[PDB]
Every structure is written in structure tokens, then in C-alpha cells.
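# Secondary and tertiary structure notes
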Amino acid sequence: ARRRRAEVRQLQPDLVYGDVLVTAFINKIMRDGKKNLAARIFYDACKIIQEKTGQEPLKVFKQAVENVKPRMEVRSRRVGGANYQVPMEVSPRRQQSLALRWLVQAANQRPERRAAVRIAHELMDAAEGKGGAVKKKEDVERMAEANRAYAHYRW
Amino acid sequence: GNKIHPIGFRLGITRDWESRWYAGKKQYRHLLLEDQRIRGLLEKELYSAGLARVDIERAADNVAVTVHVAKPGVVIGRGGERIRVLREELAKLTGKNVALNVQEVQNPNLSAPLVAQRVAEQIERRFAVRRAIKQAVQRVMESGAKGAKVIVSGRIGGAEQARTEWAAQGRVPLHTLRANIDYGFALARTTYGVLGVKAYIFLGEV
Amino acid sequence: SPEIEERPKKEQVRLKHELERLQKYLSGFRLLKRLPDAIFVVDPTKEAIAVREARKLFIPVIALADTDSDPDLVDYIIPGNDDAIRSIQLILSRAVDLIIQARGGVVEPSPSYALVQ
Amino acid sequence: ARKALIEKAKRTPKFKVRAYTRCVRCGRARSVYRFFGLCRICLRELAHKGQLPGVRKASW
RNA sequence: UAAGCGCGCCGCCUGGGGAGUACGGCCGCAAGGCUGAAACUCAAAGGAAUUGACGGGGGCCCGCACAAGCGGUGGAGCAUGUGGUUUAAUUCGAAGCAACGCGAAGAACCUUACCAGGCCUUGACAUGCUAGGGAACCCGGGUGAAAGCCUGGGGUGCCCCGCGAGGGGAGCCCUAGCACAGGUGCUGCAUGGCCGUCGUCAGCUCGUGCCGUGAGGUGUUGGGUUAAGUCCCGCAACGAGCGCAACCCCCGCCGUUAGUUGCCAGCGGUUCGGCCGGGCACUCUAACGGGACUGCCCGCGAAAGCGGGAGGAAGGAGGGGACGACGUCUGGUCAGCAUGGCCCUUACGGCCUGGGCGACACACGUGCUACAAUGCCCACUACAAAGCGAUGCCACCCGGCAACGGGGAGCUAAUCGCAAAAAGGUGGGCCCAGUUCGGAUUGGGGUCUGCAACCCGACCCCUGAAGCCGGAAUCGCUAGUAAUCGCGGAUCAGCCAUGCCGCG
Ligand SMILES: [Mg+2]
Ligand SMILES: [Mg+2]
Ligand SMILES: [Mg+2]
Ligand SMILES: [Mg+2]
Ligand SMILES: [Mg+2]
Ligand SMILES: [Mg+2]
Ligand SMILES: [Mg+2]
Ligand SMILES: [Mg+2]
Ligand SMILES: [Mg+2]
Ligand SMILES: [Mg+2]
Ligand SMILES: [Mg+2]
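Rules used throughout
Within every chain, residues carry numbers counted from 1 in written sequence order, not necessarily those of the entry, while residues missing coordinates are excluded from display. Here the convention is simple: chains get letters from A, ligands get numbers from 1, in the order in which they are written. This view covers only part of a larger assembly, and the values given relate to that part. The side-chain figures draw on all heavy atoms in the structure; neither hydrogens nor water molecules are used. For this analysis, a ring pair means two rings from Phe, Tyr or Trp (six-membered ring only for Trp) whose centres lie within 6.5 Å, classed as stacked if their planes differ by under 30 degrees, edge-to-face if by over 60, and tilted for the remaining angles. A ring has a charge above it when a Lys NZ or an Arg CZ is no more than 6 Å from the ring centre and no more than 35 degrees off the ring normal. The contact criterion used throughout is that any non-hydrogen atoms of two residues lie within 4.5 Å. Buried area adds together the accessible area that both of two parts lose upon being put together, with accessible area traced by a 1.4 Å probe. Salt bridges are identified by distance alone: a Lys or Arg side-chain nitrogen within 4 Å of an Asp or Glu carboxyl oxygen. Polar contacts, as used here, are pairs of N or O atoms within 3.5 Å; protein pairs need one atom able to donate a hydrogen and one able to accept it. Residues neighboring in sequence count only if both atoms are side-chain atoms. In this count, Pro and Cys sit with the nonpolar residues alongside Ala, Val, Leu, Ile, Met, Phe, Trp and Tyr, while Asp, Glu, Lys and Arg are called charged and the others, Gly among them, polar. A patch consists of residues exposed above 30% relative accessible area that lack any salt bridge, with like charges linked at up to 9 Å and nonpolar side chains (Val, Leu, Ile, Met, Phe, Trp, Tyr) linked at up to 5 Å. The method behind every accessible area is Shrake-Rupley, applied with a 1.4 Å probe, and residues are considered shielded solely by the protein chains displayed. Burial status follows relative accessibility: with a 1.4 Å probe on protein chains alone, a residue under 20% of its type maximum counts as buried, one over 50% as exposed, and anything between as partly exposed. Runs of H or I in DSSP of at least four residues are treated as helices and runs of E of at least two as strands, each being numbered from the N terminus.

As recorded in the entry header, the structure was determined using X-ray crystallography to a resolution of 2.857 Å.

## Some remarks on the packing of aromatic side chains
What describes a pair of aromatic rings is the distance from one ring centre to the other and the angle between the planes of the rings. Residue and element names in this part refer to chain B. Inspection of every chain in the model, using the stated rule, returns 12 aromatic pairs over all chains. Taking NZ or CZ as reference, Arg58 lies 5.0 Å from the ring centre of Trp21, over its face. A cation sits over an aromatic face here: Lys149 above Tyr200, 5.6 Å from the ring centre.

## Digging into the interface of chain D and chain B
Contact residues are listed per partner, giving 19 residues for chain D and 19 residues for chain B. For the chain D and chain B pair, buried surface summed over both sides reaches about 1,700 Å², with 59% attributable to carbon and sulfur atoms. Three residues, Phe35, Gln51 and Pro53 of chain D, lead the burial of chain D against chain B; their summed loss comes to 35% of the area buried on that side. Along the contact surface separating chain D from chain B lie zero salt bridges. Between chain D and chain B we count 10 residue pairs in polar contact in total. Class assignment for the residues of the side of chain D that touches chain B results in 10 nonpolar, five polar and four charged.

## Comments concerning a nonpolar patch on the surface
Together, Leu22, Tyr25, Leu26 and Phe29 of chain C make up a nonpolar patch on the protein surface, roughly 440 Å² of accessible area in all. Of the residues examined, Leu22 of chain C reaches a relative accessible area of 37% and is grouped as partly exposed.

## What about the pattern of salt bridges?
All names here are of chain A. What the rule picks out here adds up to 33 salt bridges over all chains. Salt-bridge contacts for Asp19 lead to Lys62; the nearest nitrogen and oxygen are separated by 3.5 Å. Of the two residues, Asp19 is situated in the segment before α1 (20–29) and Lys62 in helix α3 (residues 57–68); the sequence distance between them amounts to 43 residues. By relative accessible area, which is 16% here, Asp19 ends up buried. Judged by its relative accessible area of 32%, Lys62 is partly exposed. Between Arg148 and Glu145 there is a salt bridge, with the nearest N and O atoms lying 3.8 Å from each other. The pair formed by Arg148 and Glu145 is uniform in burial state, with each residue classed as exposed.

What follows is the structure, given as C-alpha cells:
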């Protein structure tokens, strides 16, 4: 807001892997404060990453997140009559946030019926450079670039 | 629509109840009703006496009423005939036996209700309001108030356009909760309807 | 004061600061409880608000004014430099000397020259 | 219909149901609290004067 | 380089409009120029400066204002308020924000202000005067839907003439007469009181001084800083007041007091639930206190303050309340109340029975339940807080599939009860389907409240609508917040509460 930069909330680390990044993601899976369900959904899903590969879920998790972060996004800026979608950098923080949200949002578009499978497969696909999360992210750099002409308003 | 009742705002702190009894759910209803027919009767009969309060205590289901007047002379009578009937009137209207004590309001010019009543009485008798007001405030301050405010509502001098002539001196820190701002409110009934009068007397702190 | 024993912390902060600026601005001006009988100003243009006030109360104005100033609004002028510390001290000191002598009890020249530049 | 309705409220009639709360100063029939016997206006007006014993502005 | 001080000479003005127009005359190729009125009309037109307000002006600065987000409304059913239509009546008010789950914290009769019809008039209510009777009170008889009208009885305590005849008598009640009552009939621009709102925004003023012919200005323009006219610095100002803040309550840490109905750490006993001894330590309860102040450290800064650090349960206003300046809005309310004025008087007053405020071709606001798998059902198992209750909360039996009904303890309630908390957890069932999603609508059979549930109550038990996430648009929220899950209360016989205020 207007006065100051606003403090970013330090999340409490994860109770299993001890990663702050896992509770973020869990907090995105969470709906109506039903956090038990959420973390219960994320851990089942980590076990699905075992059954379908001898890889640690954390490693693969961290790899999905890295492939869904965007580099640049169109951010809407206004002239005063007509409006230009302008391309520009993405913050570290914003990247993480975008990445986890898409991941979740993407995972729940999926056609399998349990959430834990949906989140696992979508994690698997995204670390393999191509889920629906990755399209979103791609779409977003293909929205910049499609508009690289207007990169001289970089606000 | 604003400013809350400077008495209601104090109550626990700074300023005390005008009725202090206890009653449970089954009882409050009826004692409160009495209180009210009590205050109501004394409110009109002891008009000439200039009454500021009508405090009401109640113990072994027996009722003591302190009437804080400026003119005990008037409530009493010559040798106390008037206060006789007054003690009997209350008893008539309450099925009970009621102590009725008088208490001189030491300085009536620090009694917000009285100051207010006086200005109201002045108005009812076609006195100039602005002056009446301003004087009331001089009287209060002369009598050692730390501050005083007086407000006459509207239809001053009989106008079609209702108004609101205020006037004040010293501090009247209404937001300050340790203050001890007596407050008072009388009507002026007139040929031309009602004007309300508010007096605030500020007396000291802690 | 044994009243300072008590008193909120907020009163301490507020009252100390208050005194402090009182102390600051009113140190000289407290010793007189009456309109003076004359004022003595160094730069009367620099200090023209003060000259204006005296002029208005029929108080005599004495000043050490230099070429910058309007002598017509000074009753007793010391026409001379009013910017050199050296020049003022000369004239402030001899002027005060004159005062004491004339009040009874001639004296020594006081501290002035603290470190003259 | 008011003065005679504050009156018909006191008489208690055929059928116990027909009786109703009705404020004790205001004749008001609505928003009368059974503890005080008072309308919600009446109760505020008195509360502020310190004429409802015990009753205080609440704040938590 | 006068708009100063003066002399010379020229030109021009004499309220605004009519109008630089008309007429005339002169000039011009023409366009038009110059010269230039009046009627009539207005009570001004106008200069400059002042305080505001305003800007599709500027600078600086704020708020869930946007932005970033998360969840909704707008679509569907239904609940509810409103427009409108309708009606005998669908009483009345509220109208952008700030009217529309608002007055209403409880419309079947009551409420109730409306409609119909049946009834009453000194009246349902008050103060008082005159008079034959009656003089408290209480009971049935007709006629009625009920009011009411008509009726017939039981039967005078009291002051007192008194040992009584008999006779004075005050309460009190009916009959008629007189004053008077009654009016939710009108006016919220006649009002008071109370409320909304701009806005918890950071403002609004004053006394003296000083500036200005004056309105007025300074103070309160500036620089910094703050949540803040908060503070600092500066300054023809120095102060002060209403506001801000603080003083008040709740929540967070700890202490002292207190130890039952509350607690149970170590004992001892034990029909297990602290049940008995013990004990108040801890938890609580609730009353009084302590505790935070940029106080300390580092850095920046002239200062105020800021960034960071340490300690501390807690910092930089710790988190929430209460609290609303001078004023604004011809804001809201004569239907809470009060009130000036206006109006009604076998009626615009009053009583009743019934209807209506619940009407439905539509439109809108606020909500609820949803469309499902992060879900739904069933079983089992947990963990709250704040409230409420002795014509009331109801344990526990029993009967009933059940609502509920029979019994029937305990509880003037830190004792007993409402009480099951739900979401959660554990089992199991569903397997993507208009479905074991969703529960509208409709049929039946029951229960309960109440004189009475047809219009019109809730609840229980055996059809299964729309709806596959909602257009333009639009709302809420910055943290224990939103989101989600239940719990309690006021009103209240019952309840149309999915509302409200609270609690976790
Ligand atoms: Mg009722
Ligand atoms: Mg011509
Ligand atoms: Mg937004
Ligand atoms: Mg809808
Ligand atoms: Mg009306
Ligand atoms: Mg108004
Ligand atoms: Mg209106
Ligand atoms: Mg109006
Ligand atoms: Mg209605
Ligand atoms: Mg369909
Ligand atoms: Mg489906």
C-alpha cells in the first residue's frame, strides 16, 4: 500500500522436509482453512512420487517449481484512451508465488479424480518441463515477446 | 447524531449511578418501575425547589430517596407540612414505606441540571437567549468551574427557522474520561414549542 | 521537587523539553518585569522587529548601527561596524563599564575574547 | 390508536396469548426487553442517566 | 523609463443594456470605415482584493481507493426487504453512497396503525363539579361471531347518633348532566430529543500582539517527522481551547489476595472419571496490582524521528473496544417519546369478530442452499468459548422409525440442565453420473404451541425441480483478517431466524 513496502510473511517450515517452500505450496492447496487435508494431500502426493520413481519428492518438487517460474510477464499499463499490455521482469517472490499457484491451479484442471494423484502427476509433468502449469508460464512469456515492441515502458 | 451522554460515558469511572439497588431478573422490572413513578412524581412536585438529582437506594426491600434540591425550604414547608404530604404521596403511590431525605445542593451554580433549568425557566419567560446563556456560563465559572458550556436548541426568540445558540468558557474535555463533567438538560415549553437546554459543567480531574 | 518523584513519564518528556526552550529563549528576558527604559541593539536593521516595537511604545532605541542601517529610527547611534566580534565587544564592553561606574562600583573587564576567531 | 392501546395492554383478557409486552414509559409495543419492562429507546435513554441500576456501556 | 510632486497644451469620461445600432452626413470599387443618438428597459452593470467551494489545474500526502491476492454477488432454487402491479384492504414510514434481513430484538387472533362487517358513546384512560339511585365486591339468565344490549341474583366491612329505633358517612361502583378526555389524522422547512453521514478524516477555533482602509491575515504558509494541527526545526508572534493522544473496558506475560460449586501435582484410600481423605500447588475464577518508556545498544539525523539489534510474554500506537471536533447535509424520525401549529368529536375516538399487512405478469437489494471427489453418506471417536434457565432449563427411564408423549431426579444454578459443538480423526459406502451431487416442488400420514394453524406456524416420517461455477458489471477482506465450521443469546406461547448481536 501507500506508506511502506509491506512485510512478506515468513512461513513456518515444513514438519517433514523442513522446507518453507513446502508450506507455501500447501497453503495454496488449502481451501477454507482445511490445512490438515491440505498437508495430507501434499504428502500422499509425495508418496505417489515414490511409487512412480525412485526420486525424492522434495528434489522433484523443487524442480517443478523452477520450471513454472516465469522470466517476464505482460503487466497492464495505461496511456489514457487505449491500453497496452507491457512486458517486464518478474520478482523472485512473485515468481515463487506464481509458480505454486499455477501448479495448484493446473493440477486441479487435471482429469484424475483424487487430488493427491492430480498434484503428483502435475508435479511430475512440470519437472519434466511440460504440464499445464508450464503452458501457463509459457503463455506468459509468449505474451511478453508477442509484445516485446512495447518494452520501452518498463515500469 | 453524535456526542454520547457525558454521564453514560462515565458511570463506573468519574460519575455514579442515580439509583443503586440490586435485583435479580424476577424483580428489577418492578423496582425499576417504582423508581420511575417515584422520580416522575418528585420531578413535577419539586419543580419550585430546583431539584438536581433523585438518588434512590434500596435495602431490606425498603426505599430511601435522597432529593438533592437547591431550595430545601420549599420541599420542607413551615415546620415540615409539605414534606409530610410528600412522604405520604410516595407511600400512596408505592404500596410501601419510603424515606424521603433532602440534601441541599451546596452550590447550585455547579449543578448542571439547575444551571440548565434556570436558563430554560428564563427562556420560558421571554428572556433573550444569547444573554441568558452567556450569563449562566459567567455564573458557573465565577463559582469556580474549570469550564462550562451551555446550549439552547432552536426557535430562539420564536423564529420559524430553528437554530442552536451555544456559548462556553474554560475546558470542557468531553473525550476525557477522568474529567467529571456534570451534565444537565431541561425543556423550555413555549407558545412556539420546545427548546432544549444543555449545560456542561467541568469541575476537575482524577 | 518531590512532586517530580511522581508525574507520568510523558510529563517528564514534555515538561523537560518545555523548560528547555523556555530556558533557551527567555534567559535574558526575565530579568526585566517591566518595559525597559531603552533598548540597545547591535544591528538595528537585522533587529528591526525589536526596534519597531520600542519605537511604538516610546521607548528609546540605542544602537550600534553600520552603513546598512536607517539611522533615523535610532535615537542614540553608535555609528560603527556591527559585524566584527572585535568591534562589538569594544563598544558593548565600554558601554557596560559606563553603566556600572554610574550605578556605583567600577570593575575589571570580563571574559569576552573566548577565542577571537 | 395509542392511549387506549397502552390501556388495553394492561387488562388481561380471553386467551393468554392475546397479551403482549408493551413498554412501561413509551407505549411502544416493539423492542421491549422483558428484563427491564422497557423499549429499546426507553432503555437507552435511562441507561445513560444512570437510572438503570448496574447498567453500563459495554466494551470488549 | 511615476501611476510621486508640479506647470503647459491636446484628447477623452459621466450607471448598465438598447449600440458602435438606427437616422442623417462624410469616405470607400466592395467588404465596410468615421461621425453617432433616442424610445424602451434594468437597479444595477462594474474594479480590486478576501474567505470559500470547484477544476477533464499543479505539488506533496493518505484510506482495502486501485493495484497484488483469496473468496463472493450478478445466473439456479429458496428465504427476506423493496419497486411495481393487484386488492375491499394489501396500514405507515425509510429512497444513491448514508432507503431496500432498514423502524420490526418475533404480523395466525393480540400486535395493528389498514379492510369489511357487528357494536360503544363522558367514553378503554385522566382531573373535577351537580344529582334520585347505587354506593366495595361476586354470581349465574337470555341474545349474539364476539363485542355488546337486555337480565336475575348473592349483599354493605366503613366514619358514625347508639344500649337501639333509625340515622348521618367516606372510599368505591353503575345512570343522567356538565366541564373534558381520545386521535399511529397533518406538518421532520414550526420543533426538542435521539440517530445517520462526510469522518476517527485531522481538522475547527480563541485571547493578546503584530499586518491590512477593510473583508480578513498571521498564529495554523515553510523544512523535516508522525496514525494525527504527533513531535521537531524555523518564523511577528507568545499562548490557549474544541479535536488527536492519554485517563476507561477486553485480549496478551507475571505477582498478591482468595480455595467452593472450580483445579488435582505429590500422598492414602477407590464402587475410575477428583469418587473420599487431604492440598491450593498448578488450571481456573475475579479483584487489586506490576509490566513497554524508543528505556537500553548500533547506525543515520541539527532535532523530532527513522533503520537495525539485544533483552522481554509483549514493543516502536502490542491486538481489539468504548470514544465522533466547529460544522455539513432545509439528512432521518410528529408512527418510540416529547412538542408549536393545523384538523376529527354518535367519529378521523373506542370494543369486537373476520380479513389484510403473507396478494404475483414482472423488476431490484441483502442473504441462504447449491452445482459436488480438497466431495457426499453412514458408523464410531474427539478438542471450545460465550450465554441462557425454578410455571423455566430438563438429566434418566419407558413407548414411539421419529417429531413428540408418558413417567421423572437435579438445579434459587462455577453445583443441575439446555450440551450434541461442528468442521477434525478413524472405519466403511459412492466412483464422475444431473449422480448416494442438490433438496426446490408436490402427495400423504404424524407431532407440538395455542381459544384457533383455511388464508398463514414450526417440526417429524415415507416425490427428487433448477442448478455442470454464472453476461455486462459488481462486493468484502491486509492476519488469527478473509475463507470455512459449528455454539449462544435478545424478541419470543409458537415461529416463517437463512436475519440480528455475540461466542469460539
Ligand atoms: Mg404474542
Ligand atoms: Mg448610413
Ligand atoms: Mg483488486
Ligand atoms: Mg441469484
Ligand atoms: Mg406519517
Ligand atoms: Mg431535519
Ligand atoms: Mg420523509
Ligand atoms: Mg427534508
Ligand atoms: Mg411486512
Ligand atoms: Mg438441467
Ligand atoms: Mg458433474
